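Encoded as structure tokens, the following chain is the form deposited in one PDB entry, with no partner shown.
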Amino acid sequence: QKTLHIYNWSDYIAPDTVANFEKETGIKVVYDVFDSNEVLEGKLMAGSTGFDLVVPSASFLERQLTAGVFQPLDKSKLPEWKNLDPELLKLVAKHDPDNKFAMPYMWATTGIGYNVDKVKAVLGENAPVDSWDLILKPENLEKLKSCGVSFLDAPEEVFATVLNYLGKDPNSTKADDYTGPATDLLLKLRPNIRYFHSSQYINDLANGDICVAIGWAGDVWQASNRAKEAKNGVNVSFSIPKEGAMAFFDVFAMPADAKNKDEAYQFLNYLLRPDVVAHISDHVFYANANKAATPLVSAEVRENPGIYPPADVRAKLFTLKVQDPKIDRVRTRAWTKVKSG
């Protein structure tokens, strides 16, 4: 029997996607999840992952390509490749030249999830929910400490966001930008942050246990929808702040030592069907990269400007660049100071 090992982000697939693929193809799927680019990259660099498909962010895949940990996708086994948005392909091609290694899957932004009522109770009806001031200004965060604050456990994203907020290059190659103002601000914020974590904030926003989080858009929209279906009265929203925000593109890639490559190609082409991936978007509240699928996704997802943002909001989004070894070391050490204490 055929078996296929997949390592994807958590909360990133419809409930029935895998079961439908199994019953159509007869392949048994082993499906596991992660919430951290650093965890996946560490697996890729330490040895065999034991997976046939993994899903890094494109900015991390750029770094991973030069280690040789992926093999190029045979485009002749991906006929539905045509369905992909060419403009998104061109953006991902900045990380994966000529799109040789990566199939764009979902994309979104790193912004602010928050409890509408709690934030307005603490900072007033005019709470600056359209601005990184909400969480990155120490006076505001000290007051939101009362109802719970979480940051992503995602150092490249947090530092780029802080740097942009401070008016620096989000991808500054100036070491002092990291050790000076970025670390200073983050250390001022630190005593107000309940935890650093990239998946617990979903149920904690849904449950009312935290009131504001740095989070990924569709994760926050999932939390909003979980509160709605529980009818617990918790109102969660998501903000792409006025100063801009990081955009990311999560992409399927094939490890160089993948065991069941024919089956992996069958799954990638399954995900390229417009009806298959639109249905995923319906359940996970993320924009997919499939331009033929967009009319098939539900109106409540397609028309949400925090999921499919319009041109003027997209014009304010930035993306990660790969840093040299000095900056990587400086950023990692500063993250360590921030996250342990």
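In case it trips you up, residue 1 is the first one in the sequence shown, and so on.
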property	result
Given 284-292 and 54-62, the range whose Cα B-factors average higher in the PDB entry	284-292
Selected stretch [higher average CA B-factor]: 32-40 or 301-309	301-309
Top residue by Cα temperature factor, when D219, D250, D153, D262 are compared in the entry	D262
Relative C-alpha B-factor of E229, binned into the chain's lowest, middle or highest third	highest
Within-chain third of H5 by Cα B-factor, per the entry	middle
Chain-relative CA temperature factor third for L144	middle
Third of chain Cα B-factors occupied by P86	highest
Chain-relative CA temperature factor third for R331	lowest
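The next section is about a form of this same protein that is not shown, the form deposited in another entry.
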item	value
Which listed residue lies at the hinge, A108, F60, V69, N164, rigid motion between the shown form and the other one	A108
Residue pair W9, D219 - Cα distance in the other entry, closer or farther (3 Å or more)	farther
Shift in CA distance, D282 and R226, in the other entry relative to the form shown here, given it is 3 Å or more	farther
